[PDB]
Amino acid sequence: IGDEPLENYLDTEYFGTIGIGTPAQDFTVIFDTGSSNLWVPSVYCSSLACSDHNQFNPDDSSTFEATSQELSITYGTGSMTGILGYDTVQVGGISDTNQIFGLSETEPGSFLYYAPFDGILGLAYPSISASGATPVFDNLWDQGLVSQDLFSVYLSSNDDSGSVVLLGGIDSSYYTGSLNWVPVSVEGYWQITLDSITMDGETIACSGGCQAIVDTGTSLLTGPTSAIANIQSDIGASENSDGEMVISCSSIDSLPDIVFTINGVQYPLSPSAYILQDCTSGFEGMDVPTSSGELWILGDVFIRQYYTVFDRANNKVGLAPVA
């Protein structure tokens, strides 16, 4: 069983350290349940974002094996191109030998330049991995490096220490109640069916069901712009001159929970969770069209409230309230 600590960066990004190569070269990577590729910047990249992050040097690793396979990924924000290679990845105390990963050759755009993390370690299904690159957790399981084909994620609140990805294990010290299991609706992302979103017993969005993904790599709770617009109005958030969805901090103590019904079970978010305070809305409009319909994204705003188990043995997501 492997424990990967995550840094909680301003309740917005959760990344941990990995080592690649022999001897290990260290990188910070987002542990991203909304994608499936592992990649880090490399010495082959001249993009600005590569220049201000750690760059992998295959020349200094005695276990690196080159390939001729190219890689390209487009994220919601950010993108990269590169080349695939094999090396040993140290993650969560596990020696992930023979791991294919992307060595970046381009990383355009400001987002990756200003981001504190070097790269991305995707934790979703192989079917959405660019160039069919074996995801890290698939390689761990293939090699028998975890005994149970699952991992769990605890994301801390209030910029606290303690966030972890637990590879091959479930730890009930991080939750209370009993885990409820949600079947994966479409294997790709960790995609599930949402039944409804309610507030004070009234349906405010997702009437008749909607598709959502559970995504550690997304900070906010996002949905189709139309539905989110109604939600913002429902809670009293309005856009600023600066484009910020401003909300009165007084409403944290007066507003009711917003309740997500998933596989028939109610998962409330208190206003303390869906209002960010330092006050702005934890909801964001973002349109994600797919074969299954527009995807909602249950990002860190949601996951901070529910210890989440990602079970590849039976293709289910488990949820329970955080301790």
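Heads up: residue numbers just count along the shown sequence, starting at 1. Whichever C-alpha set is largest while still superposing within 1.5 Å between the two forms counts as the rigid core.
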More shifted region, core-based fit in 4 other deposited structures of this protein, 166 to 174 vs 235 to 243 by CA: 235 to 243
Of 110 to 118 and 215 to 223, which departs more from this form in 4 other deposited structures of this protein by CA RMS after core fitting: 110 to 118
Chain break class at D278/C279 - deposited residues not modelled: 1 to 3
6 to 14 or 302 to 310, whichever carries the higher mean Cα B-factor: 6 to 14
Of 211 to 219 and 108 to 116, the stretch whose C-alpha atoms average the higher B-factor in the entry: 108 to 116
Most elevated Cα B-factor in the entry, residues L145, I228, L103, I100: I228
Out of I197, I128, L140, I235, highest CA B-factor residue: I235
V40 CA temperature factor, ranked by third within the chain: lowest
Lowest, middle or highest third - CA B-factor, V265: lowest
Cα B factor band for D32 (lowest, middle or highest third within the chain): lowest
Third of chain Cα B-factors occupied by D87: middle
Third of the chain, ranked by Cα B-factor, where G78 sits: highest
